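The opening position of the sequence shown corresponds to residue 202 in my numbering, with each subsequent residue numbered one higher.
See structure below.
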Amino acid sequence: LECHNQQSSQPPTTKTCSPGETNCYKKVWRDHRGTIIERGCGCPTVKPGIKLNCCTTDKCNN
């Protein structure tokens, strides 16, 4: 599996996940810096204050 890994509004990039990984994630929240989006491999738990999407196809987390 490859997923997108760039932050926020930066130009899209990608990485290959570790073997066995079937998830990509995108995670959006606000803090003192502004709005942050983090993208990568896997899928963390749902947390208050964070909008999370996890998807299972190449480059889906754009």
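Where is the CB? At the ideal position from N, CA and C, for every residue including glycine.
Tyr226 versus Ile251 - alpha carbon distance: 12 Å
Min CB distance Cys242 to chain C below 8 Å: Checking the listed chains, one finds no chain C in this structure; it contains a single protein chain.
Anticipated Cβ contact below 8 Å, residue 294 with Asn224, distance rounded: Since the first residue shown for the chain is 202 and the last is 263, residue 294 is missing from the structure and cannot be characterised.
Neighbourhood of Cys256 by C-beta, 7 Å cutoff - its chain only, sequence neighbours within 5 removed: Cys225, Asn262
Range covered by the beta strand (DSSP E) that runs through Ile238: Note, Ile238: beta strand (DSSP E), 235 to 242.
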